[PDB]
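Student: One structure, pasted below without further comment.
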Amino acid sequence: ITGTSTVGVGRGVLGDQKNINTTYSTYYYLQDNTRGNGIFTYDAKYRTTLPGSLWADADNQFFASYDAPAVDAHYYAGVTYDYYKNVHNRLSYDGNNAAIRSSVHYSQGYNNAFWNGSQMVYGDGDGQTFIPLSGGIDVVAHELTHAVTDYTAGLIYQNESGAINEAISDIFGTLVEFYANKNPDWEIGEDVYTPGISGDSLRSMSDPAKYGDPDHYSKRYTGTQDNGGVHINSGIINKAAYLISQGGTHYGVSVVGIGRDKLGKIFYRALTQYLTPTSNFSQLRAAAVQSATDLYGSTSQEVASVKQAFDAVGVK
Ligand SMILES: [Ca+2]
Ligand SMILES: [Ca+2]
Ligand SMILES: [Ca+2]
Ligand SMILES: [Ca+2]
Ligand SMILES: [Zn+2]
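Quick note: the sequence shown uses mature numbering (1 follows the signal peptide of the UniProt record, and there is no 0), first residue 205, plus one each step.
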């Protein structure tokens, strides 16, 4: 809608207070005009019809519990936009400042979030397995990273290429979590998963096997469920990424860490320059080695650590 840019205040899913960019025209709308062609947040009103209604509020204060998921979807979309722009010189997901749209209150008791090819969608959770999914910045950045991948490499969402697609989303969701410095870690979804149980998460990058996901290629899932294991076999790539950043010894192979900033630069280059829709794990390894070579030279420690990390998870 057309109106005056302003700033409102509200409380997110975890009860923290934050300022959000809104637009004023009779009502105050969750429309942020300060970032590219805008960030727009919608109310799906517990239905599955999308996008729903652009979120309208009478007083620019968003402290109702119904408001919480919208506040966080809108705010964390902004943070994720800022990360891609400031760190990777990328303007929104398509690289030309496309509008970012999110709907919250999708369906009833819906325990997931997703990018649907056009926008992000967030369930409220059922209150025991999940709380509203937009409360996790690693979740928001995971989903919007799917948009980035779709516009670049185009990795198909099945088998190894789909597992790479999901790992990339976990890797950048994590890097955005560190960027915002909100109690960052190498776990996925810990802020919105099982509000009854402290210390757990949906997936772990530092130790995927903690939740039964593979941490070595010899342990890959080869069946048909979950589109050939796209959320399962991602653990193999996630572990590799964790090793490249943080270092460690894994199945007897030692990796010297090169830190988060370089991990992001190498993977962003691989993604945007070398990966294609049908890339498999072996091709990811070559793309990552070539990226590190482009950036730091073929005899660098950075290339050495990328090779060691993939040797450690059994990807040749
Ligand atoms: Ca209000
Ligand atoms: Ca965290
Ligand atoms: Ca996390
Ligand atoms: Ca929990
Ligand atoms: Zn995903």
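Just so you know, even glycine gets a beta-carbon here, dropped at the ideal spot from N, CA and C.
Can you find a heavy atom of ligand 5 that lies under 6 Å from the Cβ of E364?
Tutor: Relative to ligand 5, the beta carbon of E364 is positioned no closer than 6 Å to any heavy atom.
Student: Can you find at least 3 beta carbon pairs, one from the segment 412–429 and one from the segment 310–324, that sit closer than 8 Å?
Tutor: The segment 412–429 is not in contact with the segment 310–324.
Student: What residue from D342, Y288 and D276 has the CA that sits closest to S408's CA?
Tutor: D342
Student: Give me the Cα-Cα distance between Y288 and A474, rounded to the nearest whole angstrom.
Tutor: The straight-line gap separating the alpha-carbon atoms of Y288 and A474 is approximately 15 Å.
Student: Let me know the secondary structure DSSP gives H278 once reduced to three states.
Tutor: helix
Student: From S322 to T253, what does the alpha carbon distance come to, in whole angstroms?
Tutor: 14 Å
Student: Would you say the beta carbon of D374 is closer than 6 Å to some non-hydrogen atom of ligand 3?
Tutor: No, the beta carbon of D374 sits no closer than 6 Å to any heavy atom of ligand 3.
Student: Under the rule that 16 or more other beta-carbon atoms within 10 Å means buried, what is residue 538, buried or exposed?
Tutor: Residue 538 falls outside the range modelled here, since the chain spans only 205 to 520, and no answer is possible.
Student: Straight-line CA distance for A277 to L234?
Tutor: 10 Å
Student: Are the segment 336–351 and the segment 386–398 touching, with three or more C-beta to C-beta distances below 8 Å?
Tutor: yes
Student: Going by beta-carbon coordinates alone, are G518 and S422 separated by less than 7 Å?
Tutor: Going by C-beta atoms, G518 is nearer than 7 Å to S422.
Student: If you check the beta carbons only, do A345 and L447 fall under 7 Å apart?
Tutor: no
Student: Alpha carbon to alpha carbon, how far is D247 from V308?
Tutor: 6 Å
Student: Spell out the partners DSSP gives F266 in its beta bridges.
Tutor: Assignment of beta-bridge partners to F266 by DSSP yields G214.
Student: Is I341 near ligand 4, judged by its Cβ being under 6 Å from some heavy atom?
Tutor: no
Student: Can you give me the C-alpha to C-alpha distance between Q429 and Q265, rounded to a whole angstrom?
Tutor: 44 Å
Student: In chain order, what residues of the same chain have a beta carbon less than 6 Å from the beta carbon of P399, not counting five sequence neighbours either side?
Tutor: Once the five neighbours on either side are set aside, the close Cβ partners of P399 are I335.
Student: Is the beta carbon of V459 sitting closer than 7 Å to the one on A496?
Tutor: Not in contact: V459 and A496 (Cβ atoms no closer than 7 Å).
Student: Please report how far the alpha carbon of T476 lies from the alpha carbon of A262, in whole angstroms.
Tutor: 42 Å
Student: Can you confirm whether the segment 433–445 touches the segment 363–377 when touching is taken to mean that 3 or more C-beta pairs between the two stretches lie within less than 8 Å?
Tutor: yes
Student: Tell me which residues share the same chain as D271 and place their Cβ nearer than 6 Å to its Cβ, disregarding the 5 neighbours each side in the sequence.
Tutor: Spatial neighbours of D271 in its own chain (CB-CB distance under 6 Å, excluding positions within 5 residues in sequence) are listed in chain order as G214.
Student: For a minimum of 3 consecutive residues, which ranges assigned as the beta strand (DSSP E) are wholly contained in the segment 377–463?
Tutor: Qualifying beta strand (DSSP E) stretches, in chain order: 452–454 and 457–459.
Student: First and last residue of the alpha helix (DSSP H) that includes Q494?
Tutor: For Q494, the enclosing alpha helix (DSSP H) begins and ends at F485 to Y500.
Student: Rounding to the nearest angstrom, what Cα-Cα distance links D220 and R305 in this structure?
Tutor: 23 Å
Student: Within the present structure, is the beta-carbon of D220 separated from the nearest heavy atom of ligand 3 by less than 6 Å?
Tutor: no
Student: Is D276 near ligand 3, going by C-beta to nearest heavy atom under 6 Å?
Tutor: no
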